[PDB]
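Protein chains in written order, with PDB author numbering: chain I, 1 to 204; chain F, 2 to 244; chain A, 1 to 250; chain G, 2 to 242; chain H, -5 to 222; chain E, 3 to 233; chain B, 1 to 244; chain N, 1 to 196; chain J, 1 to 195.
Ideal Cβ placement from N, Cα and C applies to all residues, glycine included.
Below is one structure, written out as structure tokens; comments come after it.
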Amino acid sequence: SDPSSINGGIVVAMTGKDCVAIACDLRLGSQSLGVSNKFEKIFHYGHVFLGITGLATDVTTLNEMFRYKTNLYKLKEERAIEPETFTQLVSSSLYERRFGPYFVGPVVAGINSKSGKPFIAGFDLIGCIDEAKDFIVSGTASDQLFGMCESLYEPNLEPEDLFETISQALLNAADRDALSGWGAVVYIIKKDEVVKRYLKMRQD
Amino acid sequence: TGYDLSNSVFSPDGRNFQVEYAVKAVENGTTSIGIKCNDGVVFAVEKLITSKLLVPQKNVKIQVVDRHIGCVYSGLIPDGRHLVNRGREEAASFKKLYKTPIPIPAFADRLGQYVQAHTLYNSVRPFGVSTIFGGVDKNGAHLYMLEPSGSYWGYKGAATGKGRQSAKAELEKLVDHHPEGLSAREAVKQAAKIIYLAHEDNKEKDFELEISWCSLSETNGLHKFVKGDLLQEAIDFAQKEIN
Amino acid sequence: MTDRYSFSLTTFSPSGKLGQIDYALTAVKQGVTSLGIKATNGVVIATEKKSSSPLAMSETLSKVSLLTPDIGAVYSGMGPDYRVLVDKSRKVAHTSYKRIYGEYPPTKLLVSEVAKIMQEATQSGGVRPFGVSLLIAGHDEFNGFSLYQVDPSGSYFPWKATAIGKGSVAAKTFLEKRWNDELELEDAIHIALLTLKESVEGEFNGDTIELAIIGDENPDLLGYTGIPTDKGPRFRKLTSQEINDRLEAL
Amino acid sequence: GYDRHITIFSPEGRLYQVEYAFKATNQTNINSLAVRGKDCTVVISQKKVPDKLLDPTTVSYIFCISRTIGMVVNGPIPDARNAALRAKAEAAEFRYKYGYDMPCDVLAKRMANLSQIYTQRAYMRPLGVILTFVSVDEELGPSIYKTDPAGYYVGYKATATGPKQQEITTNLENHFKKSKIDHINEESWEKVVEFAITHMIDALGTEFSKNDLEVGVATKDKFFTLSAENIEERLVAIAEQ
Amino acid sequence: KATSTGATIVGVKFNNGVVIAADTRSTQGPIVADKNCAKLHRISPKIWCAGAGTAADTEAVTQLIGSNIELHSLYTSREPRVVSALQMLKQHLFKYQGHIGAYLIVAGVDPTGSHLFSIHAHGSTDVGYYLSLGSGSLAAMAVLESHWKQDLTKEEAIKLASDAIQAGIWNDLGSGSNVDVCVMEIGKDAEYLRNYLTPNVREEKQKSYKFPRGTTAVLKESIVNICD
Amino acid sequence: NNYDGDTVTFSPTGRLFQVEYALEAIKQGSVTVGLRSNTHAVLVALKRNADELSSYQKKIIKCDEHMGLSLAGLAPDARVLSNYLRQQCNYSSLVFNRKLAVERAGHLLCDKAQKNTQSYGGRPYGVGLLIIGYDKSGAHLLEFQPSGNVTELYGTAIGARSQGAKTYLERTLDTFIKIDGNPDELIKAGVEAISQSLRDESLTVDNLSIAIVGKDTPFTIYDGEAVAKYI
Amino acid sequence: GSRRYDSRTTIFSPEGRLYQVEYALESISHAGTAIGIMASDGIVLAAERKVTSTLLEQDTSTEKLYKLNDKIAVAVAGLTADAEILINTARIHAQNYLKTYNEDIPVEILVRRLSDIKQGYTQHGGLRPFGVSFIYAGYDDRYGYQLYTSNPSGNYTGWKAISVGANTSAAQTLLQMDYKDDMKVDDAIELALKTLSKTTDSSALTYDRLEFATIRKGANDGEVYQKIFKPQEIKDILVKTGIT
Amino acid sequence: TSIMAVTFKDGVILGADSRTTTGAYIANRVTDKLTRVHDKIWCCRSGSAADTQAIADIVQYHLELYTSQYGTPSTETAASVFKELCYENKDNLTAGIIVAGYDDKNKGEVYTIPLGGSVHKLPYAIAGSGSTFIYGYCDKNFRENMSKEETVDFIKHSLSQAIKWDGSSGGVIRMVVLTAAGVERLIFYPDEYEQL
Amino acid sequence: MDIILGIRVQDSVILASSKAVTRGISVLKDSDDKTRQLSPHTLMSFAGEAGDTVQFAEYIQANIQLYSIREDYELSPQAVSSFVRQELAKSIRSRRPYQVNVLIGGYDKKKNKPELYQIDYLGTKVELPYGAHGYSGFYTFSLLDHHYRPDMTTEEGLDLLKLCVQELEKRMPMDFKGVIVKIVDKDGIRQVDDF
Ligand SMILES: [Cl-]
Ligand SMILES: [Mg+2]
Ligand SMILES: [Mg+2]
Ligand SMILES: [Mg+2]
Ligand SMILES: [Mg+2]
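Below, the structure written as structure tokens:
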């Protein structure tokens, strides 16, 4: 009945030293029924990464919408959109549906190509921006993620240390949520290289 | 040239020839007048009897707006009716919102802005009427005259139509000979005379006289038609003066 | 009533000319000279304040206008047409960009929006083209400093330096001899003042010349402190005194 | 030659309908003048009542737009009242939306923008009027802003409009060339009105009675027009020195 | 499920201007989403706006009016007035009959002087020398009612404002973390004092949770293509 | 000449040529006569056929139980205007339980015709109408012109050669106004009136159309052998 | 009323021609020449800027060659402002298609859409047509490399080599003379520049008067790359082909 | 809320408390409920604060535009504009407004516009939640053609009792006096009126 | 409507759909074909609210047939499934949403691969080796999870499908009157007339 917990799933993003990480589980379900273990929730437009939790039809729709918009942006601007700018575009787009919203919990992650500064941001379903320095969480196990991140996180982690931190945050949060899990992906993002890692986890 | 073929076009003079041509239709119409008296206004009009078959006293020309304003016009009669219909809508919406009956200067601008609006576009034709109107409000009596251009002013006496020059001269005598003012009953008599005198420009056919008035003492500030004995008295006074 | 002119008033003649656009350009040609020069660390735009009467206060008439904190505009041609275009340009910078991306548009894209408005007056029903050419100077993070010309047709071109209006042919020749890719902003202002003097008949001073720059960020003009990333507008209109100071070193 | 009938460009880049609207401006054969004091803005205009049947109290080309703003018009009365009604509506709306009184220069700009539209849109004709707005603005002080059929507007130290504007303008120019200040250095508005009337008399070379003039005065927080008797008191003071 | 944060927001008038302050906790239900958000916003250079209620509505409404205020300032060639922002905000909010859950304290300076207003989601406005909003408004107002006086100095008003915010921080569960302050004095630039007080610093953890490298089991690695 | 291209253009002498040309269509139309007494009002209309195989174009239209008209000019325009009258008569009865006064009906027709004379795109109506009725103030006869001018009369005629009938009615005025409580004699006067407008042709049984309304007489149209009595 | 001033932009002549379309084509014949040449391993777009100035900022300037998406580009001949209106509409259509089907829009479908928009202005609305002729260079996985042209009538056709703008008669004859089916991109680059060099109304063909682009599968492996040539890169290819 | 308007010999006086509540919390203890729609036409507001402010702002706009065109409006005209807004939008409004004004021709006039959007011209009017407790007192103590000082005392005593019994009313008693002499604001503090 | 199953094997997609149509109290039909051919190599089965199911399916069919004629080209199964998803995603925020769940079984002639897409009435799309809608998956997925192989033949797919239907017939309370089975492969669409 509650649109934000029909399909399940989680996204988490973290900042490190000259790097950002964004991660998500792979589950899509119809309440108790597991439907897909390959439903990735992180997308990218150039060097800007977007994770989206919530109602899966809206996750797909918004990805298609932001691909649409960032493609036109690039043609007109003659450059790739930056994380700060894209964050405002997501916020604007969500608030235009103020009284008929997309039931989602988006998360932006990326590094500004000119300043080199790591950037993350979160949103409620209606466009309110949470621009945290440390970490952003979203999904049906957000409480669990907040608990994991608050204790595990420390600032200025090196890319390969940040990978371990965010992975353990996701995995152990997901294992305490019925509607999350069934696989996981972690993106480690540096100024001009991005590594994607699929994690081994329990499949119940 | 070609500046006179379309409404709202400025000629090289800065003139709107279509409005000036509308005036020609007004000048072609029958004589109508207005006289501002001590506590009100009197309206009178010449009605040409084209044929014996016209039913006497039936084809009424003067029109009431709300209950306190009278309107009379010369030129294209249908255009005048259209303007009065608008005026009645304006007066109704004013009273609806502000409770009080529309003041005469307020009403004058409502007609004025409407007529002026028909000189702004080539998709409409200017009004082929000059309208003499007025009545009594909280500040007293008011008499106005409104032209095809939308131009209007307040008047002591007003005249339009074919015999306007004759009428104006008569009105000017009354203004000079009565600086203190004219009574409502005097104004009715004088109105009858002036229409009879102005009928010399339309001497071919005989006519019917029609008079109305709004007066604070005589009609309680309401517009009423001059009928029966009072009308006959004015006709007699008029007939006596022309002989 | 209703606007019953739903057909184009600008149309192709047998020779392929769009008459109303050509005539709009003729009106621009009669207009007072305005110019723009791009330097390495800034842009300058300038024009003459041709006062219609000495009783008129020409400071109340702004020929050089701020469009965004980092973009400014000047014109040649019909002043009223320019004024309404500035109003539309300011608004479209918000409605079609800042309210979407949370930042001001880059110069080229604002120019593109203004150009689109001018193009539509060339094709839409019951309207004439705008009788102005615009010179738009601006800065943004990824494109740096830039200068654009926009014509009545809606066509726009980027310039290193140019002039429009009355004495544009002579002024452009003057600019060709002086311009190089190593000019500092003060050098461009100096050249602007030299160029503009040739097309001006009467008085030539800070009260008869309007001049603005796109240069360094002005934190003193921001109006507030506390946010490190906000450093103030790059558009700055030179004062009457600031112009006169540079007219002594002329 | 339909480029002369509607507001489209001629081959010379001209708008003839705008130029002919400027000519309609002088159809009333009335001259107006505006000047600024220290605390006030004064506007005077000729008043001609050529018909004895007219009620002279209703013959006016000065309008009270808002409490603070006054407007004199040079041109035919129908277009004048059209502009007056619109200016009143715009000023009232402004106060409702933005919570403060519409400034004189802002109203002028707004009416100038509306005029500009008539010069670009074919279905609307220009109004054959020149509008001179006056006030004592709470930020800018005494203000004179004038609008014309081209959609042009600008602030003035002083200004004149009508068939004999040039004579009045030069007269005013010569005075401000002497004084070297942007206003009439006078405390009371009464004396600023006296200055205005005196310099119109000098420029036009005609004497005025109380019924030959029309006067509007703007002070802080109100604009008002003078009665015939107020003007008479002014004329007496002028004659007595 | 939209953000509605707990907050303590206050506004205090003084000698030559006005000051506003706020806490820095953003809540999601009982969960603290952001431990250092910025609740003080700009409408114009010298007009600032503290917001509470539905977080998305406060930000959105402050930015929209701020945008229209900038265009209005450019159109009129005048610095924007607080009453303009007030009138535009309340007419917007009233049109939506409270469905835009924005509750604001507006404060600033302009040519007319210094001003302090509050706006409620349904479109009502109030005037005052001292005001408070948010879940910690009662805690803050208790302090304001105890210590406020007429003719406050700049330094006194900052002290009173931050003391009112602190009352909310400690006693209201919706409010916490730091104290932001913005001072708007007449004839001067407005000074935003981000994290003016930081009395809630996280203590050193008893243990480091840095994992040995290789702890997490991995199924697949792959290089992602971000370039064209 | 240069000023007759549309209804929105005055001539230099202040004339509206499109309206005048619409008036000309009435003059080409077949003659119809209207006259009344104090108890009854009568319409008489000479119907026109296309040829000997064709029917005779109907001229008289009923608008209500107490009101109707006859037409001369463009028949489709009469259908539009008579339909409008039917609606207005009907609105008055339904909303106010009130029979529409004939004079008010004339005012409504005037205003409807006027709007077509002051706007671009439209055209004036090309038909003249003679409206008869019996209301709370007795019998009435109206003449409608598509200029908008509506006139209340004792008697009149419109169409080709209508001047002959109009002169006759002007002579007979004092006689026919007194024909009270005698429908047949009032119709006789109308049939004699319309006869003053005939040339070459005479009134036959499918040529003549008569209508009557009065004190205790609903608006009824007589055609065919019902008018043989009056031939 | 208003009818008096109506030019009637959408009427046939007695000969059955559309006046405004014909006159718009006359306008386009004075625009700078644009040339498209299709090869087996890619497409070349070459176009001449109109009598330029030394003060024109060339490296940031674009009047001829525009990107519609990653696979499709256009060369413009006519009113640049009119072209940009249509270009933005085309860019939106491409994205609409991509959102709907999750596949890049086939070249012809985009071309047909833009051409239908042009057609509408010749049949209804009473507005003047767009004074623009496009050369569309594009790639999709159905037909591979494709060249199209459209003009103000809304009519479009496919080509192996084509020119629009000024001196098309001379240009088309030269292309028809030297074009062969087994031609390669590097050969097509040379043909395009040689054709412009001969047909130009200027005294000599230099880098500052040209815009140049290639669509190649010279993108590493099974994909397509668009290359809008920089001023220095146009200068180099002019030296390479032996024109300067 | 406790509001009233009373006509007297020299014109009319409007009175009001200053308490604005959200449930049992006093959101504003120094509210100004006496609002100016024209120079000498004021009103007292009760009901939804958002609604009555919105209505008052619209009326002020209407009377400002009226004045520019037709000169000073009557109090009846102002009441009519209020009524038009309240009646036509009765489904979406909770507003109880007392309109008070001074003309030179009509002198002091009071109109009350209750919830339904009807109008009632009265010698004096009371409204708001606190008014219920003073119907008895006001009816017994009101006289026509009182002096300024008597009317101030009548309003002060009346609103004192309304405040005493009504929890939704309190703070200061504000008053606005409308006469030919001009517009005078008065304020009375708790220590003054509580001992009455 | 009730049970609709799909399974993608090595070289084909197999769709199984129940034959029963029940209007409350009575089973009105026991031979209903809950499927539409969208293009020669694309088949769509459907289940949901009465009336809306067929109305939606035929509306989609008409649109794909229109595209096929306009372009003289068959859209890929992926492209068709995306078009269908958008229509359902559009529909869910309409005045009255289509209450329709679909399976799209297609053979991509370009890639030479079978493809099965599962889309619910919200516009929730997933590409799967096997899928279902409603309660069908609850009974059948444990069997499919166990036996499914990506290299299965069409005959093995049909045998695994029979086991699924047998489990449905055993444990489901409703009598769905058997299933109509259709196969989509490189040669197009055909119906298994004995099942
Ligand atoms: Cl404007
Ligand atoms: Mg789990
Ligand atoms: Mg499980
Ligand atoms: Mg025009
Ligand atoms: Mg109490």
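Say yes only if the C-beta of residue i is nearer than 6 Å to one or more non-hydrogen atoms of ligand 3, and no if none qualify.
i: residue 145 of chain J; result: no
i: residue 25 of chain I; result: no
Can you list, in chain order, the residues of its chain with a C-beta nearer than 6 Å to that of residue i? Leave out the 5 residues immediately preceding and following it.
i: residue 265 of chain B; result: No answer is possible for residue 265 of chain B: the residues shown for chain B start at 1 and end at 244.
Please report whether the beta-carbon of residue i lies at a distance below 7 Å from any beta-carbon of chain G.
i: residue 75 of chain H; result: yes
i: residue 109 of chain N; result: no
i: residue 61 of chain N; result: yes
Between residue i and the rest of its own chain, which residues show a CB-CB distance below 7 Å, the 5 nearest in sequence each way excluded?
i: residue 51 of chain A; result: 58
State yes or no: is the beta carbon of residue i nearer than 7 Å to at least one beta carbon in chain F?
i: residue 74 of chain G; result: no
i: residue 42 of chain B; result: no
For residue i, which residues does DSSP report across the bridge?
i: residue 19 of chain I; result: I:16
i: residue 18 of chain A; result: A:12
i: residue 38 of chain B; result: B:43
i: residue 1 of chain F; result: With chain F covering only 2 through 244, there is no way to say anything about residue 1 of chain F.
i: residue 65 of chain F; result: F:71
Under 6 Å from any heavy atom of ligand 1, does the C-beta of residue i make it?
i: residue 72 of chain H; result: no
Can you check whether the C-beta of residue i is within less than 7 Å of a C-beta belonging to chain H?
i: residue 137 of chain G; result: no
i: residue 130 of chain G; result: no
Is residue i close to chain B? Criterion is C-beta to C-beta, closer than 7 Å.
i: residue 119 of chain G; result: no
Can we count residue i as close to ligand 4, meaning its CB is less than 6 Å from some heavy atom?
i: residue 119 of chain G; result: yes
i: residue 123 of chain G; result: yes
7 Å is my cut-off, CB to CB: does residue i come that close to chain A?
i: residue 124 of chain F; result: yes
So if I measure from each beta-carbon to every heavy atom of ligand 5 and keep distances below 6 Å, which residues remain? N:163, N:166, N:167, N:169 and N:170
Pocket of ligand 1 defined by Cβ to heavy atom distance under 6 Å: G:111 and G:114
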